[PDB]
Structures are given as C-alpha cells and as structure tokens.
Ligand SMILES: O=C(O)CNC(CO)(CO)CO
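The chain below stands alone, shown as structure tokens; this is the form deposited without the named molecule.
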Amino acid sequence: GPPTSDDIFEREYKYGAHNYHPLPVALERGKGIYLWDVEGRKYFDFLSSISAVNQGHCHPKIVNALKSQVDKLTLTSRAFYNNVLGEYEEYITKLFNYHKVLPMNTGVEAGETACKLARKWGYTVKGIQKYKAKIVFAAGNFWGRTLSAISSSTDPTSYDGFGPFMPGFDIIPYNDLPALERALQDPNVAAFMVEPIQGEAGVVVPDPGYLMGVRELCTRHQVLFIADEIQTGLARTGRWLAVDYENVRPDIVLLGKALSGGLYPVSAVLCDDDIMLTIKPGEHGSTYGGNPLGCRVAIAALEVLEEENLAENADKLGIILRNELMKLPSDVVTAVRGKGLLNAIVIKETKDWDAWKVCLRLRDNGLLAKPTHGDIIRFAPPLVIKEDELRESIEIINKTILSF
C-alpha cells in the first residue's frame, strides 16, 4: 500500500542526509493556503515554504505557464540564446525600475553574484587596490549556505566546523546607523549587504528610518547598498519590496523564492549599468541560470502578484493578524512583530515549554508553523489568504497557545 507518515520519516532517515530536523508532517498535496498530509489531514500553511509560495501552492496561472513551456523548450544553456529570457528580462527590469537583471537559480547564488559585482565594481570603478575590497554585513544575517555565505554569519550552527572562512567580510550590529557610519570610514569597503527585515534571525524589524539612514550613509561614502529581498520581497511584507516602505532605492536588489511561486528555482540580481557591466562576458554564469522554463514561470509568478493585488492584501490582513496576536496574555506571549504577512511571536519559554512544543500542538489543531528558535514562532501564510480564513487560523492559534 501507500506509505504512512511514519514510513516517510523512516525512509528519509535511512537514505537521506541528516541536515534538517523538520516538523513531523508528511505533505503530499498543496493548493493555495492549504496542505494535505498522506493520511488526508488538512492544514493551514503558515510558513509558505519561507515565502517561496507567496502566490499559494500550485497557483493555476503559474502551473499553466510551466506546462505550456515544457512542451517547447526547457534548457539550451547560455552558450546559445533562447526566445524567452529577453522577454522576462525586459519585464522584471521595467517592473522594479533598474537597467538590467542577471539571472541565477537559488537565493545564495544571487548573493554570491552580488558580492562578485560589488567587488569587481570596487576594484574597476571605485579604485580599490586588489584584493583589499570589503563587504559589510549585519549580525543575524542569513543569505544561504555556501562557504562565503556562512563566512558572514554570526550563527554558530551555520559556520562552526566549516572553516577557514572568506576574508574581506566584516560584521556590524543590525539596526545600528552609528555602527554602519563607523565601518564605512574604511575606503576599501565596496558594499553593505542587509535584509530590510531579518527573516531567519526571527523576523527582526529595524527601527523606522534605518533603511533611509543606510541609503544616506552608502551614497555618502561611495559604498554599494545591497538589499536582500529574497524573503521580504514580492508582496510578502505589504509592498513590492520591503524598502518601498521608506522610499529607498538600493544599488543592488536580490530576489528569489516567491519569484517562481515555488515551481522553479529562480533568483535575480537587479542593478544599473555602471554596476552590472563591470562583469564582462565569460566572467560569470550558471548552467540553468536564465533558462526559458524558469523564465515563463517567473513572468507568471510576477503577474499574479500584480493582478491579484496581493501586496495590498498582505498589508491589510497583517494588521489584523498582529492586533489579534497582541491580545494574547503578556506572561505567555512576550512580543508580536512583523510587517504585512511576515510576522512572528516571541513566547515566554521555560524548561518544559518551548516553541517546538507549541508548533506540534499547532500541527495537531490544523495549522503548520516552524519555530525559528526555542522562543520564536514565525507566522507567514500565503498572500492569497482571505480575512475569514485568517480569522479561523487565528482562532486555532488562540486555542493552541491558551491550551497549555
């Protein structure tokens, strides 16, 4: 017969690497805001695959774009041109108002590309001596799992046992304008990379005026402002980009995850000519980067966000989510925070009561969430969710939290 949920866990334990400890649930089907496990049980998805399925699971428009293009052409590599890439590039650049886009597949690849961009620009344009270029990062950052990505992490889980590490990466505190200003005194600094809201750090929202201060400081000291919007971008926080909230324009913008609706690994690096064209032909690429199949689903994934006004929906419904969560007792829930539908709660963890245990009972009551820490639960459902669906989910959260 068909495998049970425990059979699925057992099999992955035996034949799969041990690099995750997931919440025990075995999903076989997903549609919109809902997921179904192998036993048939229905759940509210309050993770959205880390904001990869902002448009909901298997959004018909994006599915059709995939199914259409697979019968035509899926991969020529970039050694030749394909008919689709140029259409996507024009679309996404005019959408976010940058000269050009460099297509990659995963989020970390977009970040790796941004580092190479910043460095190359730093040497060939800013005039930094080779190879003295620095890139500043904020403590609590997360932009992937490559050797370079974990070299700028302050999380021991990411970097411990994986050294030696990438030089030229400096770390300052997040949400700290004086600390940035101090760091940018060094003229060898080529760029500052930062998340408008830190996701994995636990939905850490910086004070109002931070993003504007960052922009101001960067421009002043001729330093590139890299905005990592792989998680916070694409309507998740209530706007096209989280930096739109302070009308800020970064030099480089990184997109990923929701850029495909969870149907294909597609990421993007947006910036203007004087930055982008520092990389000459043959000096960068990726086999699957810019393939026609990924492009069709990306166009469709972006069209869904615009057509269905999901940025507006995320903003209105987020307010309701946060206002209802703040009604929970202070001695149980310490804090509520976020923008739009990227939210998180902090719980008063004890030795015998933690975020994992809360998420297990959440699962039991029909809602899937992941703890990002022993005392932090993140709540981020797809942006297609309706208000009645949200309030039902809120009642499941209230029931579960108070049941302890």
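The first residue of the shown sequence is 1; numbering continues from there.
Unshown form deposited with the named molecule bound; subsequent notes refer to it.
For the options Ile171, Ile279, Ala133, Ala179, the one in contact with the named molecule in the deposited bound form, meaning a heavy atom within 4.5 Å, is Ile171.
Put simply, of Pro167, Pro329, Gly209, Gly127 only one has a heavy atom within 4.5 Å of the named molecule in the deposited bound form, and it is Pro167.
Residues with any non-hydrogen atom within 4.5 angstroms of the named molecule in the deposited bound form fall in just one of 244 to 252, 184 to 192, 158 to 166, 90 to 98: 158 to 166. Contact annotation for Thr74: none of its heavy atoms lies within 4.5 Å of the named molecule in the deposited bound form.
Not displayed here, the named molecule is approached by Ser151 to within 4.5 Å at the level of heavy atoms in the deposited bound form.
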